[PDB]
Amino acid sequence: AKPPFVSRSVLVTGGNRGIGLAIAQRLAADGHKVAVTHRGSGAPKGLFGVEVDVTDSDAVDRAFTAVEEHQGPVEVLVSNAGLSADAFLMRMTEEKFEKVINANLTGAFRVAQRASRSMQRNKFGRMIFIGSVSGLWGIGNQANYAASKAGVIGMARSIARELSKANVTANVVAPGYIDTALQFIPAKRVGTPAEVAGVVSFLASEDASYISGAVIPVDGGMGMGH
């Protein structure tokens, strides 16, 4: 019994390339009103773009405001914005660790916090964080990345336990290797950006209403374990 479609105001952070762009274009094809953040490179044709560095809480504030004026308060937030700085643990610096934590984990916090008020008050919110298989699988040479992506799971679950009663859910999509090593992947191939985008499409839809606190692996089976 399929629920009627609702055009949601969407913000995809880092929505101008790779996986974020694929998500942005898919959600736009689904019928949503899609805004993206970026910083310098520019937004894709058709979609509303706003400049944000997610390490800047004030810049995150006036991005949401700019989006609210353009297409209504963010109802679906897709936190994709991140980066890596891999190294052997012994080789890894305080600076390299903190820069990845600040962008990937604290940056996710900044957008989630900014999103929360309007979602709580309108009794609707979908926070969808793009994590990684690395979070709970443990890829070597990414103590910073893995900490950030596991941390977003913890963050999302705390939010889910607090805000699900207000119809504000928080879920993580955990992509494996995505073409934007093969021995570890049962499917014996990398995934496509469209394969990540299709899962986000599902999480942003009326069909995902009773899913909250979930980590959905999109990794051809790579991340299976405990």
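Counting begins at 1, following the sequence as shown.
Engineer: Quick one: classify how much of the deposited chain lacks coordinates between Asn167 and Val168, choosing none, 1 to 3, 4 to 9, or 10 or more.
Structural biologist: Nothing is missing between them.
Engineer: Tell me which of 46 to 54 and 28 to 36 has the higher mean C-alpha B-factor in the deposited entry.
Structural biologist: Taking the mean C-alpha B-factor of 46 to 54 and of 28 to 36, the larger value falls to 46 to 54.
Engineer: If you take the mean CA temperature factor per stretch, which one wins between 124 to 132 and 101 to 109?
Structural biologist: It is 124 to 132 that shows the higher mean C-alpha B-factor.
Engineer: Between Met119, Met92, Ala156, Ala150, which one tops the list for C-alpha B-factor in the PDB entry?
Structural biologist: Checking the PDB record, the top C-alpha B-factor among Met119, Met92, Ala156, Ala150 is at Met92.
Engineer: Based on the deposited C-alpha B factors for this chain, I'd like to know if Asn16 is in the lowest, middle or highest third.
Structural biologist: As the PDB entry reports it, the C-alpha B-factor of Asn16 lands in the highest third of its chain.
Engineer: Sorting the chain's CA B-factors, does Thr192 end up in the lowest, middle or highest third?
Structural biologist: Tercile = middle for this residue's CA B-factor.
Engineer: Based on the deposited C-alpha B factors for this chain, I'd like to know if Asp179 is in the lowest, middle or highest third.
Structural biologist: Its C-alpha B-factor belongs to the highest third of this chain's values.
Engineer: Once the chain's modelled residues are ordered by C-alpha B factor and cut into thirds, is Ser41 in the lowest, middle or highest one?
Structural biologist: Ranked within chain, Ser41 CA B lands in the highest tercile.
Engineer: Ranking every modelled residue in this chain by its Cα temperature factor as given in the entry, which third contains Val199?
Structural biologist: As the PDB entry reports it, the C-alpha B-factor of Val199 lands in the middle third of its chain.
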